[PDB]
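Protein chains in written order, with full-length UniProt numbering: chain A, 2 to 81; chain B, 2 to 25; chain C, 2 to 119; chain D, 2 to 207; chain E, 2 to 61; chain F, 3 to 100; chain G, 2 to 128; chain H, 2 to 156. All C-beta atoms in this analysis are idealised placements derived from N, C-alpha and C, irrespective of residue type, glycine included.
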Amino acid sequence: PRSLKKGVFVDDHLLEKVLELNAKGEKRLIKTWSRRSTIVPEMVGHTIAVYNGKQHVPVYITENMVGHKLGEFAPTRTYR
Amino acid sequence: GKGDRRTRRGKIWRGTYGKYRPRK
Amino acid sequence: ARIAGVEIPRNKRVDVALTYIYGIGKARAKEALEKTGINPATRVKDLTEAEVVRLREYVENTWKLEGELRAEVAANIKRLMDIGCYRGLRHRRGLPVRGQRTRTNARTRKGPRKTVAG
Amino acid sequence: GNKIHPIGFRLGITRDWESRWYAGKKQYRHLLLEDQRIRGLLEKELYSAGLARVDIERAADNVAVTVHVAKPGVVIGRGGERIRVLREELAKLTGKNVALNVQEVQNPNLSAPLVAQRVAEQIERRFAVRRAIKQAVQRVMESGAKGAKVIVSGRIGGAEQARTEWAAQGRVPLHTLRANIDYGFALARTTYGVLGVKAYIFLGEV
Amino acid sequence: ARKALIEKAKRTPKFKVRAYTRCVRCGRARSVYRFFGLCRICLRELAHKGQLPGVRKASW
Amino acid sequence: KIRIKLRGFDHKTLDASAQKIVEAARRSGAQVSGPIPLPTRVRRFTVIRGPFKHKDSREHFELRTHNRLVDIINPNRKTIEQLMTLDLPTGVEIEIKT
Amino acid sequence: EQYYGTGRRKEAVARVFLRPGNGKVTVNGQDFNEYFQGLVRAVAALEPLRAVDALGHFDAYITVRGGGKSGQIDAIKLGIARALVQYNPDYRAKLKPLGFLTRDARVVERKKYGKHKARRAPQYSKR
Amino acid sequence: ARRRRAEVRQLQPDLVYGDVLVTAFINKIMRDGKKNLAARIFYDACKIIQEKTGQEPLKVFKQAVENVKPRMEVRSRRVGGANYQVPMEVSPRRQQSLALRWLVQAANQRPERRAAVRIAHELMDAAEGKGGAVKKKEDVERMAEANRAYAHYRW
RNA sequence: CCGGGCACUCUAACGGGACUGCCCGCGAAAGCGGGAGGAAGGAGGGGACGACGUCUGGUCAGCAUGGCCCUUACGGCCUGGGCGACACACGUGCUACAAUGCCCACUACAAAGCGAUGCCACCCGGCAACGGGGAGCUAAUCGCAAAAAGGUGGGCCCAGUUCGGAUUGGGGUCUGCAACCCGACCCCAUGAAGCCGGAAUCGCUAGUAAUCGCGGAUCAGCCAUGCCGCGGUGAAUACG
Ligand SMILES: [Mg+2]
Ligand SMILES: [Mg+2]
Ligand SMILES: [Mg+2]
Ligand SMILES: [Mg+2]
Ligand SMILES: [Mg+2]
Ligand SMILES: [Mg+2]
Ligand SMILES: [Mg+2]
Ligand SMILES: [Mg+2]
Ligand SMILES: [Mg+2]
Ligand SMILES: [Mg+2]
Ligand SMILES: [Mg+2]
Ligand SMILES: [Mg+2]
Ligand SMILES: [Mg+2]
Ligand SMILES: [Mg+2]
Ligand SMILES: [Mg+2]
Ligand SMILES: [Mg+2]
Ligand SMILES: [Mg+2]
Ligand SMILES: [Mg+2]
Ligand SMILES: [Mg+2]
Ligand SMILES: [Mg+2]
Ligand SMILES: [Mg+2]
Ligand SMILES: [Mg+2]
Ligand SMILES: [Mg+2]
Ligand SMILES: [Mg+2]
Ligand SMILES: [Mg+2]
Ligand SMILES: [Mg+2]
Ligand SMILES: [Mg+2]
Ligand SMILES: [Mg+2]
Ligand SMILES: [Mg+2]
Ligand SMILES: [Mg+2]
Ligand SMILES: [Mg+2]
Ligand SMILES: [Mg+2]
Ligand SMILES: [Mg+2]
Ligand SMILES: [Mg+2]
Ligand SMILES: [Mg+2]
Ligand SMILES: [Mg+2]
Ligand SMILES: [Mg+2]
Ligand SMILES: [Zn+2]
């Protein structure tokens, strides 16, 4: 039960950046402070470092995780 | 009773509408 | 009265007795009785071989059911588990997923209480 | 921890609002803000002029700001000069084209807020508070005023520990709302601390 | 409360959702009545003063 | 049809203004239906007494907007001769819809 | 001709008109037994006429409104009482000793703050 | 009751019989403030009890409630250490209340499915001299005549 | 609905009305017991109101304020995150463990409030949340609106169930710049514990307890089962 209902929202920040990164070949680590945006298909293959609120953690983006968000793989919490 | 959201009493307790409690 | 992948209700009302199938609740039972053209208030014993065979025709292949449904749900768990998703982590640690509080009353998902000292 | 504000009790019977007009959903908020701005301005400037009550009334874009003064000479000013500046500064904040009105209050010792201001003044220059208290209650009692009461706050005379002062006279029944009990609060800001001054004055029956 | 935190008054909040009441007199952070523009403490004191017309002592 | 919507925070003020209007209009006009009273809009506000709890101490106040209706029938000139602007009350509020 | 009694019970109003007739009582376009169908206390509404031996001597038409149907029944009782008194005042001698002319002033009591419903206090545990 | 005698509430008479004990029993059957449903329970039970045995439910009700009323009971009194069970007689009002309470509690502790059936059969058994309510009554009375050794602690 | 009319219910402003006044009793008096009359009585019921002071009670984290520390810095903007963490422990509650019950149609009766892009009758689409269209109400006239328990009818048949809805998988609407952290809601499916609760402990003396729904403030939305009000039905018991 998760819903965006139309024009699935992806922030311009990484949108234009990655759609221009794809044109020159795959790039290495990217900078991401916007975990509010949705993952889109052409993101597969990169390595995206997202913000925990404190840290910068790299995430390998694959075909399986397209429908979800950036931040499902950056755990804010730390326990045990 | 009131917690069952797919029955009519659970619909009137939440005040919502649907298939198990149509409006009219 | 065998209908789906092995499923034998008996001695009750048919629409009620269909809830005992895995992928059928009251809604799908009413839908089966609706489109199959069968009296819902009938007992299971009085079900015609033709009525039973039509219920089998509909219920068997319109929705995914017992073994397929259990394996599909479990494989969905495994699917969002093998990915590094946070939801998969909540399924790993055995904690509620829908976004509840875990300070108190996480009993259903976390199991019986294991009381450490303090 | 008891004894709610007396004028808030009194608002219904034997007391009236400092603002009496009408509004709705879309108007009440900033109109009340404008009233607060008016009272703010008049408490900035007219404190030493001996003012007690500001009654603001509105019919329809008509404002009727009424200032009750113990000394109208400082409000009117020589040749009316001072009823020009701050009466224009009043309209330089609100574009409602508002006019100003003055009124006389007899016996400045009979109005409780004025007595509070007086005792707070004598406290700020650090007089013995109890003499100011009893003298104020006598000023009240020497002209009608079947009851009078004065309360002062802690750190009296600059003392480290906080205390509570006293010396009412007559009869001051805050419990029963019958007989037009007036109340005034003042704030004495001094080097040692802050002293609240409560002046209760009881006059009339019905 | 804090002066800068009344930044709502210049609203321009970059997003329409970020508008909160911020009781005018006391600069209330949490609990504000929208009809008076004041907060429960400021409303209490102002209704005690007698500057809010029509406000009486409720009793029944 | 001359509807006169009277509204206020004070009931005696409404009675004063409405009765003055009807007394003015009674010297010229018809068997005027006169001062009908309408239900009052009651806005209640519960406030916790002390800042920083003592939750169960709250007291409430109530504002009430009173409404009255006039409904003058067949007024011509002398009615509005005593109508233009002659009233004292300030807290009263008058509307006219036709 | 016709006699009138109003009565009132627990936020209910039951205008009662009594005339001579056979004993047929109607309410709001329904007979007395169709509108109050299956209510065990519905017989108490025509109880005030059993000290005067009506229902064969009388006939009624009632219009009731407000509250619940039990308050409607009791307001019907009181209204029948006052109509019976205005018909024949001597009936008072047999009415008030029965108690049918007394307005039941029991009203639901307002809810107070700090409580759940107007008297129930919230439960504390370990004082 | 520190000051006053706590004057007893005078219940309204009944619409069917005209008797007050019937209204009291119907109140004892009522729960959550449903006197209508409780009255329907008692009167369907009245029909059932008048049919299954060809007697008037009036006198059977009266005889049952009379059979369940006890004549002695026990109250605890603190004397010289831990308290003791002291027997004593019963007030008529308290006999009425206890009889009706035992009636309802023994009726609902019965196996019968419907409420009115439980009420009717409980009233029948109590009117015959047997049943659960009379068993609780006779246990209350068996508390007396047993600790009668404390008959000098009456108070 | 209309013509029309205020008698009625009603709405809301002023009044009348209860005072132990009448009688019996007891008493030195207040007063007490009983009775009539009365809508009502011995304070008719409910509020608002909380004394001199107490506990160095509570908050300078609402405000105002006396002193001591901060100054490319505690001040200041913004993004992200947090206040939602969990092997545990209590407090307050919500829903329940069913047959005086559940569900399904059908039908009747409240009071108090709220609504100018705000409440949204009505038609259409959709199983639905909801969307499109669109009338009216500056609201005793319009709308929220259906009250719910109840009534008759029906099915269930003592069974972890046509009890109970937690958990979880999927699909979807909506407010919003944006629902991973972390929203509500709808639909399909999954249908957990729980079959009246150990020691102990809580509320309530009359429309009260119990139960049933309704509304409101704050608020774009809402984790509100909270809080503050409203009425429906309506007890048990008080020897002491
Ligand atoms: Mg740990
Ligand atoms: Mg269910
Ligand atoms: Mg002053
Ligand atoms: Mg001094
Ligand atoms: Mg007074
Ligand atoms: Mg400050
Ligand atoms: Mg906000
Ligand atoms: Mg807010
Ligand atoms: Mg609270
Ligand atoms: Mg009430
Ligand atoms: Mg209630
Ligand atoms: Mg507490
Ligand atoms: Mg007409
Ligand atoms: Mg007349
Ligand atoms: Mg007497
Ligand atoms: Mg008497
Ligand atoms: Mg009497
Ligand atoms: Mg009283
Ligand atoms: Mg009183
Ligand atoms: Mg009273
Ligand atoms: Mg008093
Ligand atoms: Mg203190
Ligand atoms: Mg402390
Ligand atoms: Mg300061
Ligand atoms: Mg918290
Ligand atoms: Mg409608
Ligand atoms: Mg009108
Ligand atoms: Mg109308
Ligand atoms: Mg109108
Ligand atoms: Mg049935
Ligand atoms: Mg089990
Ligand atoms: Mg089940
Ligand atoms: Mg069972
Ligand atoms: Mg009491
Ligand atoms: Mg809301
Ligand atoms: Mg939540
Ligand atoms: Mg609610
Ligand atoms: Zn404030």
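Going by DSSP in three states, residue i sits in which element: helix, strand or coil?
i, result
"F:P39", "strand"
"D:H69", "strand"
"D:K199", "strand"
"E:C43", "helix"
"D:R140", "helix"
"B:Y21", "coil"
"H:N37", "helix"
"A:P59", "strand"
"D:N102", "strand"
"D:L47", "helix"
"F:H62", "strand"
"H:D126", "helix"
"H:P88", "strand"
"D:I157", "helix"
"H:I49", "helix"
"G:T27", "strand"
"D:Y23", "coil"
"G:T7", "coil"
"D:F186", "strand"
Assuming residue i contacts residue j (C-beta within less than 8 Å), just tell me the rounded distance between them.
i, j, result
"residue 166 of chain H", "H:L101", "Summary: the structure shown does not reach residue 166 of chain H, with chain H confined to residues 2 through 156, and so no result is reported for it."
"A:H69", "A:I40", "6 Å"
"A:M44", "C:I84", "About 14 Å separates the two Cβ atoms, so there is no contact after all."
"C:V15", "C:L48", "7 Å"
"H:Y151", "H:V87", "5 Å"
"G:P49", "G:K78", "6 Å"
"G:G6", "G:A84", "3 Å"
"D:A180", "D:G145", "Incorrect: roughly 12 Å between the Cβ atoms, too far for contact."
Under 8 Å Cβ to Cβ from residue i, same chain only, skipping five residues before and after it: list those, please.
i, result
"C:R55", "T37, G38 and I39"
"D:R38", "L94 and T95"
"E:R35", "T22"
"A:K18", "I31"
Might you give, ordered along the chain, the residues of its own chain that have their beta carbon closer than 7 Å to the beta carbon of residue i, omitting 5 neighbours on each side?
i, result
"D:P109", "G51, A71 and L115"
"A:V11", "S38, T39 and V41"
"H:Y18", "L59"
"D:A163", "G155 and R156"
"H:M31", "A39"
"G:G72", "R10, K11, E12 and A13"
Report all residues from its chain with a CB closer than 6 Å to the CB of residue i; omit the five preceding and five following residues, and keep chain order.
i, result
"H:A40", "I27"
"D:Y201", "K150, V173 and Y184"
Is the segment 113-126 of chain D close to the segment 186-206 of chain D, with three or more CB pairs under 8 Å?
yes
Using 8 Å as the threshold, is the segment 193-204 of chain D in touch with the segment 154-170 of chain D, meaning 3 or more CB pairs across them?
yes
Which residues have their C-beta within less than 7 Å of a heavy atom of ligand 5, listed in chain order?
D:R11, D:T15, D:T177, D:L178, D:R179, D:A180, D:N181 and D:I182
What residues does ligand 10 have around it, judged by CB closer than 7 Å to any heavy atom, in chain order?
G:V108, G:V109, G:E110 and G:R111
At a cut of 8 Å, does the segment 20-32 of chain F reach the segment 56-74 of chain F through at least three beta carbon pairs?
yes
With a threshold of 8 Å, are at least 3 pairs of Cβ atoms found where one atom belongs to the segment 63-70 of chain H and the other to the segment 134-144 of chain H?
yes
Is the segment 23-30 of chain E close to the segment 38-47 of chain E, with three or more CB pairs under 8 Å?
yes
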